[PDB]
């Protein structure tokens, strides 16, 4: 449908293949494209590499969709601009692989001070997880766990990081490039997608037998329910306006309790 859609469909057909042929190697074409894209900005646009590095996921399938956003047709707030991806100086999806899993893991090793040369995500990413632990304890153990209270508290934590770049009033967590790229509850939209796609991907890979029906449901989720056209109204588990309902609240408690809550990338 678009150049963004073309690469995704090719990767999805390649993933459906590798799963059938030999269960791939975790994510196989998603890993190649994630690393291909992740080596391109590192070599060619270090400011955009710095902007999105704290947001990359160890699940390369999740990283692929959070970076490309191939089904986003509404808005011009792509995480990485269309010019950098498909323009005359664009990536256009050309493979930049060799030792792909080695290359992917080495990307997380780059979350350091020297790479930025300062946000706490680059200086002390372990300390950022300490701050998010405090917020997690505050919401789940220091407040009422209600349909009325908990959804509002999750948005407030993302709100503080959005406009003040702080967690527990300690900052700066991210670069300002990263902050302005996550305006209007986009990070909460990213992190619910993390939690949802993580669960279905983990389930897909844990099963004995591969069935294309389950991989299609993951793709159907990213196309029709979380395409990226409108972040706050694509919120489901984390939407306070949405509060079957207690099943939804169950995933909210699990999301806060997960590492996808206020997600930040760390070396290991």
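Numbering follows the first chain given and starts at 1.
Missing coordinates between residue 243 and residue 244 amount to 4 to 9 residues of the deposited sequence. The modelled chain breaks after residue 117 and resumes at residue 118, leaving 10 or more residues of the deposited sequence without coordinates. The mean Cα B-factor in the deposited entry runs higher for 22-30 than for the other of 22-30 and 210-218. For the segment pair 119-127 and 139-147, the entry gives 119-127 the higher mean B-factor, averaged over Cα atoms. Note on 73, 193, 159, 177: the highest value goes to 73, judged by CA B factor as recorded. Between the residues 186, 105, 134, 198, the entry's highest C-alpha temperature factor is the one at 105. In the deposited entry, the Cα temperature factor of residue 153 sits in the bottom third of values across the chain's modelled residues.
When the modelled residues of the chain are ordered by C-alpha B-factor, residue 7 sits in the highest third. When all modelled residues of the chain are sorted by CA temperature factor, residue 58 is found within the highest third. Residue 91: CA B factor in the middle third of modelled residues in this chain (values from the PDB entry). The deposited CA B-factor of residue 85 belongs to the highest third of values across its chain.
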